[PDB]
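Working notes, structure below.
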Amino acid sequence: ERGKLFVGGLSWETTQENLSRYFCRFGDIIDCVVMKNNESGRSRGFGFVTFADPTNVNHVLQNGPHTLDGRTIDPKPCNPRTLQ
């Protein structure tokens, strides 16, 4: 997979729906999650966005800085977790 972005530095208030809304300005999104604490269900302050078109990752990176919910957030390209 080529189109996955890690996004760090999120406020714990930011929902994955809001995260997706923000990053859709750079392309169609096929997955967007905010990682949650297993016990509490609260955001851990980071997530992942997967673009349908992997060329959109570089478009995000060259059009910063990025702010969401009053935080400067930290999008980075990532090599995705591999499955079976």
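Simple scheme: letters A, B, ... for chains in structure tokens order, numbers from 1 for residues in each chain, numbers from 1 for ligands in the order shown.
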Residues near residue 54 (chain A), anyone? I mean within 9 Å using only C-alpha atoms, not counting same-chain ones fewer than 5 positions away, as a PDB file with N, CA and C atoms, in the first residue's frame.
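Dumped to out_39.pdb:
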ATOM      1  N   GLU A   1       0.832  -1.197   0.000  1.00  0.00           N
ATOM      2  CA  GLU A   1       0.000   0.000   0.000  1.00  0.00           C
ATOM      3  C   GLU A   1       0.870   1.253   0.000  1.00  0.00           C
ATOM      4  N   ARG A   2       0.442   2.272  -0.746  1.00  0.00           N
ATOM      5  CA  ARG A   2       1.247   3.464  -0.960  1.00  0.00           C
ATOM      6  C   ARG A   2       0.619   4.752  -0.442  1.00  0.00           C
ATOM      7  N   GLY A   3      -0.655   4.745  -0.059  1.00  0.00           N
ATOM      8  CA  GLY A   3      -1.349   5.996   0.189  1.00  0.00           C
ATOM      9  C   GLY A   3      -1.732   6.288   1.624  1.00  0.00           C
ATOM     10  N   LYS A   4      -0.977   5.756   2.580  1.00  0.00           N
ATOM     11  CA  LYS A   4      -1.315   5.880   3.991  1.00  0.00           C
ATOM     12  C   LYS A   4      -0.479   6.967   4.662  1.00  0.00           C
TER      13      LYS A   4
END
Contacts of residue 45 (chain A) at 6 Å or less, counting only C-alpha atoms, minus same-chain residues fewer than 4 places along, as a PyMOL selection string?
chain A and resi 9-12
Write down as a VMD selection string the residues belonging to chain A that are assigned strand (DSSP E) by DSSP computed on the backbone.
chain A and resid 4 to 8 29 to 36 43 to 51 66 to 68 71 to 77
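One finds CA of residue 57 (chain A) at 6.8 Å from CA of residue 5 (chain A).
Closest approach to residue 8 (chain A) among A:56, A:82, A:43, A:62: A:43, based on only C-alpha atoms.
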